[PDB]
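Fold and contact review
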Amino acid sequence: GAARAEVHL
Amino acid sequence: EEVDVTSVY
Amino acid sequence: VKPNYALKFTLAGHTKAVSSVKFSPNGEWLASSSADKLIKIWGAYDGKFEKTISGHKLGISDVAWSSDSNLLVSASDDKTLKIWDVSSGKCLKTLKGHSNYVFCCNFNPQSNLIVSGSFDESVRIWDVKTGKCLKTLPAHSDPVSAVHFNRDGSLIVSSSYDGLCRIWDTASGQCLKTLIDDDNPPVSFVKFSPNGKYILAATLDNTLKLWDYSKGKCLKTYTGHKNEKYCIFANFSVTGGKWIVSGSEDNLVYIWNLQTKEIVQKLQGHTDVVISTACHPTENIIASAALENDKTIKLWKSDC
């Protein structure tokens, strides 16, 4: 949804 | 060793 | 001396992860952005819901206020930023230039310019009045995690997963300094101190660092929290005592003594990663926001 709400790889 | 983060000069 | 931040209100409305909370420079309002494609306005003192601001096609990673507290800029996965009139809720301009998710955003003190950072690895300087991109900086070699203007708008600090912080001349677009840490962990957050003399940088190794960027030296280190996977906002709390406020991947809000580097408080409440924290301009008020499994914003108040 939002890049900031997503964990780093 | 105190750092002044707010004072403008 | 230690602060005594205690939970005053919990703001619920967002249907997906909250990404950013910011207090209006006039102290009246709190703006939030979310993966739910919305911006929400709440009362800064009572947490009272005010309005919903919509228009973005995908989720928002950041939101920022203009100096007069009348406008907002938001950074979206839809590859654009949007300038909004707060009172009406209308989109004044759609800033288009980036070729990937827009991660971070900020107005300069004058509020005639906007700085944005993106997954496309660049930093953009936009004209507020026209919505036109004035400059495209080939800033980094990995996603741009943070962008901040200094006290007089003369400089921009940017951070990236590439391990660097950079200081740019606003007018020329020239890179003035590149910060090297004696190691390269991804830089997930950066901001100037209120007087523009220092930069507070967060790295994906559970560390916050206060740099004298001019001399390229680290003066203070803040650790003890969890930060290895998210671009968590950090703050200078200057209303009472001098603290460093940050979210953490352990669902807590960490507060440190700025000088001693000692943890003075750990705020419990949230049930997911505390991605964002913000400090009220005149009052000892902290606003914190959490990720997907929580989705709430909390208002914390202290006597000092």
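Residues numbered from 1 in each chain as written, not as in the entry; some residues may be left out. Chains lettered and ligands numbered in written order. Heavy atoms only, no water. Residues with missing side-chain atoms left out of burial classes, pairs and counts.

When you go through chain C residue by residue, the secondary structure sums to 0 helices and 28 strands. For chain C, whose C-alpha radius of gyration is 17 Å, the value lies close to the compact-globule estimate of 19 Å for 304 residues. Excluding contacts between residues fewer than 6 apart, the proportion of contacts in chain C whose partners are at least 24 apart in sequence is 45%. (Helix = DSSP H or I, 4+ residues; strand = E, 2+ residues; numbered from the N terminus. Rg over C-alpha atoms; globule rule 2.2 N^0.38 Å. Contact = heavy atoms within 4.5 Å.)

Residues and elements named next belong to chain C. Spatially, 1-28-27-26 is the arrangement adopted by the 4 strands of the open sheet, whose pairing is antiparallel. Whereas interior strands pair on both sides, the edge strands pair on one side only; in this sheet they are strand 1 (6–11) and strand 26 (274–279). Geometrically, the sheet is characterised by an average inter-axis angle of 25 degrees between neighbouring strands, direction not taken into account. Sheet analysis places strand 26 next to strand 27 (residues 285–290), joined by 5 bridges and oriented antiparallel. Along strand 27, the bridge assignment pairs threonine 277 with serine 288. (Pairing = 2+ DSSP bridges. Axes fitted to C-alpha atoms, helices over the stretch in contact; angles between N-to-C directions.)

To continue, consider the arrangement of the chains. The pair of protein chains exhibiting the most contacts, out of 2 pairs of chains in contact, is chains A and C. Chain A shows no contact with chain B. Their nearest C-alpha atoms sit 28 Å apart.

With that settled, consider the interface of chain C and chain A. Contacts between chain C and chain A engage 20 residues on the former and 8 residues on the latter. Those elements giving two or more residues to the side of chain C that touches chain A turn out to be strand 6 (60–65) and strand 10 (102–107) of chain C. Here the side of chain C that touches chain A gets 3 residues from one element, more than from any other, and that element is strand 6 of chain C. In terms of residue class, the side of chain C that touches chain A is built from 13 nonpolar, 4 polar and 3 charged. (Nonpolar A, V, L, I, M, F, W, Y, C, P; charged D, E, K, R; others polar.)

For the rest of this paragraph, the subject is empty space enclosed by the protein. All names here are of chain C. When its volume is computed, the largest cavity comes out at roughly 60 Å³. In this structure, the largest cavity is lined by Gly163, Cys165, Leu179, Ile180, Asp181, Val187, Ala201, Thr203, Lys209 and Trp211. Taken together, the elements giving at least two residues each to the lining of the largest cavity come down to strand 19 (199–203) and strand 20 (207–212). (1 Å grid on protein atoms, 1.4 Å probe; cavity = no way out; pocket = protein on both sides within 12 Å on 5 of 7 lines; lining within 4 Å. Points joined across faces, edges and corners; volume = space filled by probe spheres on them.)

As a further point, take the environment of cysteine 218 of chain C. Residue and element names in this part refer to chain C. Looking at the element boundaries, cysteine 218 is found in strand 21 (residues 217–222). The class of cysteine 218 is partly exposed, set by a relative accessible area of 32%. Measuring from C-alpha to C-alpha, the distance between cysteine 218 and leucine 200 comes to 9.7 Å, with 18 residues separating the pair along the chain. (Buried < 20%, exposed > 50% of the residue type's maximum accessible area, 1.4 Å probe, protein only.)

Facing 9 residues of chain B, the contacting portion of chain C comprises 14 residues. It is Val3, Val5 and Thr6 of chain B in chain B that bury the most area against chain C; as a group they hold 61% of the surface buried on that side. Counting across the interface, chain B meets chain C through 0 salt bridges. In this assembly, chain B and chain C are joined by 5 residue pairs in polar contact. (Buried area = accessible area lost by both parts, 1.4 Å probe. Salt bridge = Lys/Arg side-chain N within 4 Å of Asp/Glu carboxyl O. Polar contact = N/O pair within 3.5 Å; in protein donor to acceptor, adjacent residues only side chain to side chain.)

Next up on the list: the UniProt feature "repeat: WD" in chain C. Residues and elements named next belong to chain C. Look at the UniProt record and you will see "repeat: WD" annotated at residues 13–52, 55–96, 98–138, 139–178, 182–223, 226–266 and 269–303. When the span residues 55–96 is considered, its composition is 0% helix and 57% strand, and the gap between its end C-alpha atoms is 14 Å. Between the end C-alpha atoms of residues 98–138 the distance is 12 Å, and the span holds 0% helix and 54% strand. (UniProt positions renumbered as here; feature names shortened; annotations may be inferred.)

Residues and elements named next belong to chain C. The sheet built from 4 strands is open, its strands ordered 22-23-24-25 with antiparallel pairing. Whereas interior strands pair on both sides, the edge strands pair on one side only; in this sheet they are strand 22 (234–237) and strand 25 (263–267). The sheet shows a mean angle of 20 degrees between the axes of neighbouring strands, direction not considered. Pairing of strand 23 (residues 243–246) with strand 24 (residues 253–257), which is carried by 4 bridges, proceeds in the antiparallel orientation. Within strand 24, the position partnered with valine 245 by the bridge is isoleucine 255.

Here the focus is the layout of surface pockets. Residue and element names in this part refer to chain C. The space that makes up the largest pocket amounts to roughly 1,100 Å³. Forming the boundary of the largest pocket are 39 residues, of which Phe23, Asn106, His148, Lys191 and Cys279 lie nearest the centre. Every element with two or more residues in the lining of the largest pocket is listed here: strand 2 (18–23), strand 6, strand 10, strand 14 (144–149), strand 18 (187–192), strand 22 and strand 26. For the lining of the largest pocket, the per-class residue count stands at 23 nonpolar, 11 polar and 5 charged.

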